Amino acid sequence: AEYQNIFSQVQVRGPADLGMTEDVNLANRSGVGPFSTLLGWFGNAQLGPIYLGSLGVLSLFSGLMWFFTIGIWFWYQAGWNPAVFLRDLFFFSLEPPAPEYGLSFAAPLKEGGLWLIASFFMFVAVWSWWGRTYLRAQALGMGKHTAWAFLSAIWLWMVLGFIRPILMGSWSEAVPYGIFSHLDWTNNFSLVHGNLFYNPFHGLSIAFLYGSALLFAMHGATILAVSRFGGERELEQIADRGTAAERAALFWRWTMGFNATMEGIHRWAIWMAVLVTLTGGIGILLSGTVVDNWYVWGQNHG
């Protein structure tokens, strides 16, 4: 076959793109990192710059703290033995306090308190990273769409680790920090709630997850198919529709009898994605708080 636009045939390079200034405090920006010829076959070669800042630093530090609290506990569970550490890596787990401690912070270090400390570092890493998605857009005079979408993911997270436990009346309802154990939690959660397949919000969540693969497949493929007409320059096609945008739209119109625009597709996208965690969070939040058994709920239709 002829050229397909999955990998570039020819890379070009020029001076390091330090970026748009706008209201960004450039004091807080790194300089570039190295150029990856490897990455540049597919996307951009340039690494950096990144933007530091106080929140940046706080989030990053708190994030590591979280990772290290879980890690210390892992080592300790390995009895400090490096070869046991690697062996049982996916089997280690930092668990929340037992039910009897309810929502109190009393729980002893080895018996729930360490989970809480890690949860604290996580709570501040994430929310401060969110402030970051907002402020970085602000500094550049852009819309707040990223911070808005991030909030959907945050919602499910919040519901799993924080809102549901509080509503359920105990931290023991929350998710353990571990590879295999978080899966076991996932499977038990469903079992204990009458099988999540009867939770209408689990169903919708699945529709949007599958929907996102369908849509990004469709959009990704469409843009590459019209990249020979400059299709990937999406903003200039928004401001000044070209033959790329027209052939794009007409492909879908001829196929399935309707179509999008160069801006509107990105609205289908954002909403397909955020709806995953949006409905998902609601599905989980209602579980155990309002519905004990989804199968039972589904028999009364509600």
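Heads up: residue numbers just count along the shown sequence, starting at 1.
Here the stretch with the larger average CA B-factor, out of 20-28 and 283-291, is 20-28. 34-42 and 246-254 differ in mean CA B-factor, and the higher of the two is recorded for 34-42.
Highest CA B-factor among the listed residues (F216, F180, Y101, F197): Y101. Of the residues listed, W185, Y76, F150, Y210, the entry assigns the biggest Cα temperature factor to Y76.
In this PDB entry, the Cα temperature factor of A125 sits in the middle third of its chain's modelled residues. Among all modelled residues in its chain, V226 ranks in the lowest third by Cα B-factor. In the deposited entry, the Cα temperature factor of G141 places it in the middle third of its chain's modelled residues. In the PDB entry, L86 places in the highest third of its chain by CA B-factor. Sorting the modelled residues of the chain by their CA temperature factor places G112 in the highest third.
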